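K.L.:
Have a look at the structure that comes next, please.
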Amino acid sequence: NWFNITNXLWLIXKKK
Amino acid sequence: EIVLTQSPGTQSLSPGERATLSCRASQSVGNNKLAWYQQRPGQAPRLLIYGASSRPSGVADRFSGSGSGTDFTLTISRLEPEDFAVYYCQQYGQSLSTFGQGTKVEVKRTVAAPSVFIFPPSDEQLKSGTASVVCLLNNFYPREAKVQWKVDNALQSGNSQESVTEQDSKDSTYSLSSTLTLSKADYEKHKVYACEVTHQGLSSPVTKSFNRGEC
Amino acid sequence: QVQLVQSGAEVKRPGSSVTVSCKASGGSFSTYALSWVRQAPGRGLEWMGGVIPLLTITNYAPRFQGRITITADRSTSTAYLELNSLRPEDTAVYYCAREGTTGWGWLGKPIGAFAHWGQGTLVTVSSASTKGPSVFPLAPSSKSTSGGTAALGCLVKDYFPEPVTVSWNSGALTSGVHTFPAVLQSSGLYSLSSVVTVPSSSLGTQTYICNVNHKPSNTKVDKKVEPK
């Protein structure tokens, strides 16, 4: 689901 | 593709009452990815609920969402005058997001029959070579009203257009215009012009007419 | 904050292309999803597609693929919708919308649903020519007067594109006014009426004037309405 992509991105940018 | 189906098309309620709006999905909505938007008359829509039951901060406590899978519900616990507007659902549980067709929440008032006025074409317009006859149905409720044109007792068809206001903010009524358009003649090939009106607030059709001359 | 500001109205011919821009300002731009939604006149919301600016990961609704392109410029925080092969059915208000975050924003966890909206952009697609309206009076007569009340108005006819605004006596008359939504005539031009109800005793001691403003044609007209 395309609408889930930015969540994956926020979870990586928060672990750095 | 997921089809969302909102019911009913319009819902009529009084201020302070409780509103519950329905959305049903052709398939199961993944992870409850369902949102509700509000749209006031001339405005952009505004998010009220996401993930079926989550409310953003700033959105009033009147609004709440519930449901799962295939069947969703929006509740407004005490309708404020600001709340009579159009409501949309949206699923975003797959890449192809879709919207429901929307639901209007109108103010319920007592039935009001149309006040009917008729306007002949102006001398100014006739000089151009077209004639528009205008029928006004003022301040009636509910919105359903039938308007029929008759020229020399002959029923017209396909040469008229109607338009309806949004529900008046002060008195909660509607108004309608029906416009009949002809050429200068045959507007002059004929003598008596009438619009007849049907509405739930009347037992008999109301007819408004004039002859070419008056005034 | 996070505010979205879109470009101004457009008038296009069938077959041509339109590009609408959306300027984001207040949050992060790259890592949040931006969608385009349109609403055709007298209809509901329809989702067209979106973009995640970070890798230009696009997502188009199947019925638009081949006609649509969505881009983002990370150096100006601007998203763009391009639609080609335009047809009269593409006449609509186009909105850009950015997803919300848990915050309420406060650049945090994205939520999918559209928390932020542009003001909207009217795109009108037609083979009609920009034209200001003729304004004819709807004169009060015995056939539009009853008891203390009388109805009068003006017919704002044959204009393109939308919108027109109307007012009465330069705004000195506000209550009793109804201005109707416009309809598209067979000619491809728009038309509407504005009426008001007034005390019939004041038809001799008062002049009534509608003021019609149609910005798209640079037109400003004032019609004196007087009894039949």
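Sequence lines, in order, name chains A, B and C. Under this note's numbering, think of the first position of the first sequence as 5, with each following residue one higher. Under this note's numbering, think of the first position of the second sequence as 7, with each following residue one higher. Under this note's numbering, think of the first position of the third sequence as 12, with each following residue one higher. In this text, a Cβ means the ideal position worked out from N, Cα and C, and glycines have one as well.
1) Who are the neighbours of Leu142 of chain B on chain C, taking C-beta pairs under 7 Å?
2) Would a check of beta-carbon distances place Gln130 of chain C closer than 8 Å to chain B?
3) Check the Cβ-Cβ distances between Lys120 of chain C and every residue of chain A, and say whether any is below 8 Å.
4) Kindly indicate the opening and closing residues of the beta strand (DSSP E) around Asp169 of chain C.
5) Buried or exposed: which applies to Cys201 of chain B, given that a residue is buried once 16 or more other Cβ atoms fall within 10 Å of its Cβ?
6) Measuring CA to CA, which of B:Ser34, B:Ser166 and B:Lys214 is closest to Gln97 of chain B?
7) Which same chain residues, not among the five before or five after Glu173 of chain C, have their C-beta less than 8 Å away from its C-beta?
8) Whose C-alpha, out of B:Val212, B:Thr136, B:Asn159 and B:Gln173, is nearest the C-alpha of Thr185 of chain B?
9) Report the rounded CA-to-CA distance for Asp77 of chain B versus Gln206 of chain B, giving the unit in angstroms.
10) DSSP puts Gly71 of chain B in a beta bridge; with which residues?
11) Which residues in the same chain have their Cβ closer than 8 Å to the Cβ of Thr89 of chain C, if we skip the five residues on either side of it in sequence?
12) Have a look at B:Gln173, B:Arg68, B:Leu208 and B:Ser189 and flag the residue whose alpha-carbon is nearest the alpha-carbon of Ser18 of chain B.
13) Is the separation between the beta-carbon of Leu15 of chain A and that of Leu65 of chain C shorter than 8 Å?
14) Under the rule that 16 or more other beta-carbon atoms within 10 Å means buried, what is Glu112 of chain B, buried or exposed?
15) What is the C-beta distance between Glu110 of chain C and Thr10 of chain A, in whole angstroms, given that I count them as a contact (C-beta under 8 Å)?
16) Can you name, in chain order, every residue of its own chain whose Cβ lies under 8 Å from the Cβ of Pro25 of chain C, other than the five neighbours on each side?
17) Evaluate the contact criterion for the stretch 151-163 of chain C versus the stretch 120-129 of chain B: three or more CB pairs, one atom per stretch, below 8 Å.
18) Consult DSSP for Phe125 of chain C and reduce its assignment to one of helix, strand or coil.
19) So for residue 280 of chain B, helix, strand or coil by DSSP?
20) So, does the CB of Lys39 of chain B fall closer than 8 Å to a CB anywhere in chain A?
21) Per DSSP, which residues does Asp233 of chain C bridge with? Please list them.
22) Which residue's Cα is closest to the Cα of residue 242 of chain C: B:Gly106, B:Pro21 and B:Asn144?
23) Looking at chain A, is there any beta carbon in it that lies within less than 8 Å of the beta carbon of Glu57 of chain C?
24) So, with DSSP's three-state summary, where would you put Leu13 of chain A?
25) Could you name the residues that DSSP lists as bridge partners for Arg218 of chain B?
26) Using a beta-carbon distance below 8 Å, is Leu15 of chain C in contact with chain A?
27) Between which two residues does the alpha helix (DSSP H) holding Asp129 of chain B run?
28) Excluding the 5 residues preceding and the 5 following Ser178 of chain C in the sequence, name in chain order all residues of the same chain whose CB lies nearer than 6 Å to its CB.
29) Is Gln100 of chain B close to chain A? Criterion is C-beta to C-beta, closer than 8 Å.
30) Would you list the residues sitting across from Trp58 of chain C in a DSSP beta bridge?
31) Quick one, which of C:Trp117, C:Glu237, C:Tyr106 and C:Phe125 has its alpha-carbon nearest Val48 of chain C's?
32) Look at the alpha carbon of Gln162 of chain B and the alpha carbon of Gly37 of chain C, and state the distance between them as a whole number of angstroms.
33) Could you name the residues of chain A that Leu92 of chain C contacts, counting a contact when the two beta carbons are closer than 8 Å?
34) Which residues in chain B sit within 7 Å of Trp6 of chain A, going by Cβ to Cβ distance?
P.N.:
The structure says:
1) As a working note, residue 142 of chain B is residue 136 in the second sequence. For a Cβ distance threshold of 7 Å, residue set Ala162 and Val206 of chain C lies close to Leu142 of chain B, ordered along the chain.
2) Reading the third sequence from its first residue, position 119 is the one you call residue 130 of chain C. So yes, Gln130 of chain C belongs to the interface.
3) For the purposes of this step, residue 120 of chain C is identified with residue 109 of the third sequence, where counting begins at 1. At a cut-off of 8 Å, the C-beta of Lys120 of chain C has a neighbouring C-beta in chain A.
4) In the third sequence, residue 169 of chain C corresponds to position 158, counting from 1. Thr160 to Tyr170 is the span of the beta strand (DSSP E), which, as asked, contains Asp169 of chain C.
5) Position 195 of the second sequence holds residue 201 of chain B. Under this definition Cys201 of chain B is a buried residue.
6) As a position in the second sequence, residue 97 of chain B is number 91, starting the count at 1. Considering only alpha carbons, the answer is B:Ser34.
7) The count along the third sequence starts at 1 and reaches residue 173 of chain C at position 162. The residues are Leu133, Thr135, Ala193, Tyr201 and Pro227.
8) Along the second sequence, one-based indexing puts residue 185 of chain B at 179. The closest CA to that of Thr185 of chain B, considering only B:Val212, B:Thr136, B:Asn159 and B:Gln173, is found on B:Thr136.
9) Your numbering for residue 77 of chain B matches position 71 in the second sequence. Your numbering for residue 206 of chain B matches position 200 in the second sequence. Each residue's alpha carbon lies about 34 Å from the other.
10) Here residue 71 of chain B is taken as the residue at index 65 of the second sequence, counted from 1. Looking at the DSSP assignment, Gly71 of chain B forms a beta bridge with B:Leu80.
11) Stepping through the third sequence from its first residue, residue 89 of chain C is reached at position 78. Within the same chain, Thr89 of chain C has close Cβ partners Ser32, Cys33, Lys34, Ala35 and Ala83.
12) For the purposes of this step, residue 18 of chain B is taken as the residue at position 12 of the second sequence. Nearest to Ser18 of chain B by C-alpha distance, out of B:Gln173, B:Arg68, B:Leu208 and B:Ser189, is B:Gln173.
13) Taking the first sequence and counting its residues from 1, the one referred to as residue 15 of chain A is at position 11. Taking the third sequence and counting its residues from 1, the one referred to as residue 65 of chain C is at position 54. Not in contact: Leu15 of chain A and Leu65 of chain C (Cβ atoms no closer than 8 Å).
14) For the purposes of this step, residue 112 of chain B is taken as the residue at position 106 of the second sequence. With a threshold of 16 other beta carbon atoms within 10 Å, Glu112 of chain B meets it and is buried.
15) Here residue 110 of chain C refers to the residue found at position 99 when the third sequence is read from its first residue. Here residue 10 of chain A refers to the residue found at position 6 when the first sequence is read from its first residue. Under the criterion of beta carbons closer than 8 Å, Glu110 of chain C and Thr10 of chain A qualify as touching, at roughly 7 Å.
16) Sequence index remark: in the third sequence, residue 25 of chain C carries index 14 (1-based). Hits under 8 Å: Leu97, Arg98, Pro99, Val136, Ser137 and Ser138.
17) Touching, yes, given that three or more Cβ pairs across the two stretches are closer than 8 Å.
18) As a first step, residue 125 of chain C must be located in the third sequence, where it is residue number 114. Residue state, collapsed to three classes: strand.
19) The structure shown has nothing for residue 280 of chain B, since chain B only spans 7 to 221.
20) If you number the second sequence from 1, residue 39 of chain B lands on position 33. Chain A contact via Cβ: present.
21) Here the question's residue 233 of chain C lines up with position 222 in the third sequence. DSSP output for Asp233 of chain C lists C:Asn222 as bridge partner(s).
22) Outside the displayed range of chain C (12 to 239) lies residue 242 of chain C, so it cannot be described from this structure.
23) Counted from its first residue, the third sequence places residue 57 of chain C at position 46. It does not: the Cβ of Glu57 of chain C has no partner Cβ on chain A nearer than 8 Å.
24) Looking up residue 13 of chain A in the first sequence gives position 9. The answer is helix: DSSP assigns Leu13 of chain A an H, G or I state.
25) Working through the second sequence from its first residue, we reach residue 218 of chain B at position 212. B:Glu220.
26) Counted from its first residue, the third sequence places residue 15 of chain C at position 4. For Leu15 of chain C, no CB of chain A lies under 8 Å from its own CB, so it is not counted at the interface with that chain.
27) Position 123 of the second sequence, counted from the start, is the residue given in the question as residue 129 of chain B. Note, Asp129 of chain B: alpha helix (DSSP H), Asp129 to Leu132.
28) Counting from 1 along the third sequence, the entry for residue 178 of chain C is found at position 167. Closer than 6 Å at the Cβ level, and outside the excluded window around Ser178 of chain C, lie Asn222.
29) Along the second sequence, read from residue 1 onward, the residue named residue 100 of chain B stands at position 94. Cβ-Cβ to chain A under 8 Å: yes for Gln100 of chain B.
30) Numbered from its first residue, the third sequence carries residue 58 of chain C at position 47. Paired residue(s): C:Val48.
31) As a working mapping, residue 48 of chain C is identified with position 37 in the third sequence. Checked all of C:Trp117, C:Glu237, C:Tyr106 and C:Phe125; the closest Cα to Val48 of chain C is C:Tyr106.
32) Mapped onto the second sequence, residue 162 of chain B falls at position 156. Mapped onto the third sequence, residue 37 of chain C falls at position 26. Those two C-alpha atoms are separated by around 57 Å.
33) Looking up residue 92 of chain C in the third sequence gives position 81. Identification of chain A residues near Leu92 of chain C by a Cβ-Cβ cut-off of 8 Å yields none; the smallest Cβ-Cβ distance measures about 17 Å.
34) For the purposes of this step, residue 6 of chain A is taken as the residue at position 2 of the first sequence. Within 7 Å Cβ-Cβ: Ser101.
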